[PDB]
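Starting off, we have a lone chain in the form deposited in one PDB entry, written out as structure tokens.
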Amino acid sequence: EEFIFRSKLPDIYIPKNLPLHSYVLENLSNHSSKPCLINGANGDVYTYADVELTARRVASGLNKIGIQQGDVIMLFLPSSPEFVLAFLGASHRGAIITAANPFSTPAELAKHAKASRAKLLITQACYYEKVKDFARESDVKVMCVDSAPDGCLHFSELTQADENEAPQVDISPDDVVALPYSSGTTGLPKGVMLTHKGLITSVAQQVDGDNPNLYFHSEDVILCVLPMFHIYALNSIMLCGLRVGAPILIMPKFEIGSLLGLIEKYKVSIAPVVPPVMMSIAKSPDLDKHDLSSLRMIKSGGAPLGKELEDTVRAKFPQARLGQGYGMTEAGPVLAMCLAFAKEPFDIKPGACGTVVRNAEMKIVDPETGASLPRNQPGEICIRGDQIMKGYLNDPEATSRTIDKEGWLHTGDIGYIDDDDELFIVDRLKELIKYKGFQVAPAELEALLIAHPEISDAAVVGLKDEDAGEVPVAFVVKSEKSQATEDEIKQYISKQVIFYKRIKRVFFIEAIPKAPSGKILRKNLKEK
């Protein structure tokens, strides 16, 4: 704690005795009849007044079917109005929301539902069969938003419930409200506990204050094509958008053609994106078949854009201001944010990662010594503030090695801050693999591979890739006499995992390089 970095923006007032829903919808009356949630795929619309009232009904409904304060509700849905209504609804009830990609496999879903100890599952009928077995066998209530196969509940039982019967709840600021899963700096997916105070803090750091880090014009329309089941989109787009009363145009499924049409149609002006989608948008031959002049800002994150794409986007969307931010689930998840988006913008440099958010502290430590480093000195990025997670669910050791004794969250990312307080990420210490912006845990794939009868050891590492950034490859030690082939192993994994967790190549070896403790020498592997 010698060299401590902060935002170039002054600290602001942040409520510390308010529940998340009360905070994000605090200034509802100024725009109560204004559009809040718009479903770009079917035109559904919910005004601000509609969301506030329905949230309370969802709370009454949840109670009615037995969901109590502290209970975990699992969402198995695509980005949508229903997702937000279920979330805000759970927040009003004092319940917790955990979410998973609807494209997950039954095994992945059951594991998630089991670990999170979800009492209720909300999804769509086209995904019902993937939870059908697990459901009955675990006495977990299943609910669908469209049809209601078998005996599962319908979502109108929550949205149409009597608000007057919404239970009386005393939400404490330190009560958990969001439970996203993340592998963190090492190992298997773990439950990240995010509190009311934590999230309110994070939203405030991004959009509150006389000179907000992210400024909104009254005519702005923010796009939500990023997945709501990932906290980054639910926070930076939905919660932040609601907080400032902006209309949010949601896209359940990404399709270049429709998106461009939607941008002209609804006058989309703020486009939150990740490198992969931005790259798809940039390669579109139909950019001139649509009026995209309403676009004034391309907000990127999740992974680096790269100098080339950065230049490409800047060239193909001269009407918009391009900027990049940086987040990590356990951090709330926003750590740094592009100050070129502030009401009174600051200059930013190419490749920049943004500036550490206000009402927070950031330092850079020598991964070895642990000493704090000064400007322009690469090291591990650490952040501290009320916005970071409370810890991992039922996993004290994990928490203890991610958040140190002085409250600093260790990201496992290597970067440095320059004289202009702009953060630059240059390397990654943790084993985390990111394919298409999605997180892929080597330990998870490794466990699946090793469970195979003909495999005695395995290691999964990231292989640099143009289209996805990193593709997972696997080094495998076959058991004696095994004649299993690469394709046979790859299909073995593919059947059990969601699309982005497929291993692209299998390299057979006689032994996985390991340190005395058993830690895989991953750089030793990558070095190959």
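Each form is matched to the other, and the largest set of C-alpha atoms that superpose within 1.5 Å is called the rigid core. Just count from 1 along the sequence shown to find any residue number.
When the two stretches 235 to 243 and 448 to 456 are set side by side, the higher mean Cα temperature factor goes to 448 to 456. Stretches compared: 126 to 134, 113 to 121. Higher mean C-alpha B-factor in the entry: 126 to 134. Across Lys363, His92, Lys253, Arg296, the greatest Cα temperature factor reported in the deposited entry is at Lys253.
Of the residues listed, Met193, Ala166, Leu85, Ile270, the entry assigns the biggest Cα temperature factor to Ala166. Among all modelled residues in this chain, the alpha-carbon of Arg56 has a temperature factor (C-alpha) in the lowest third.
Annotation for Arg358: CA B-factor lies in the lowest third of the chain's modelled residues.
Among the modelled residues of its chain, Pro149 has a C-alpha B-factor that falls in the highest third, as given in the PDB entry. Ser172: CA B factor in the highest third of modelled residues in this chain (values from the PDB entry).
Ranked by C-alpha B-factor against the other modelled residues of its chain, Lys289 falls in the highest third.
One more form of this protein, deposited in another entry, exists but is not displayed; see below.
Looking at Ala371, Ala125, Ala447, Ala107 after a core superposition between the shown form and the other one, you find that only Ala447 has a C-alpha shift of 2 Å or more. Core-superposed comparison between the shown form and the other one: the C-alpha position of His31 differs by less than 2 Å. Comparing the forms between the shown form and the other one on their rigid core, the Cα displacement of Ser482 reaches 2 Å or more. Superposed on the core, the two forms barely differ at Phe155: its CA moves less than 2 Å between the shown form and the other one. The Cα-Cα distance between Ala458 and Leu393 is shortened by 3 Å or more in the other entry relative to the form shown here. Relative to the displayed conformation, the Cα-Cα distance from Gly437 to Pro81 grows by 3 Å or more in the other entry.
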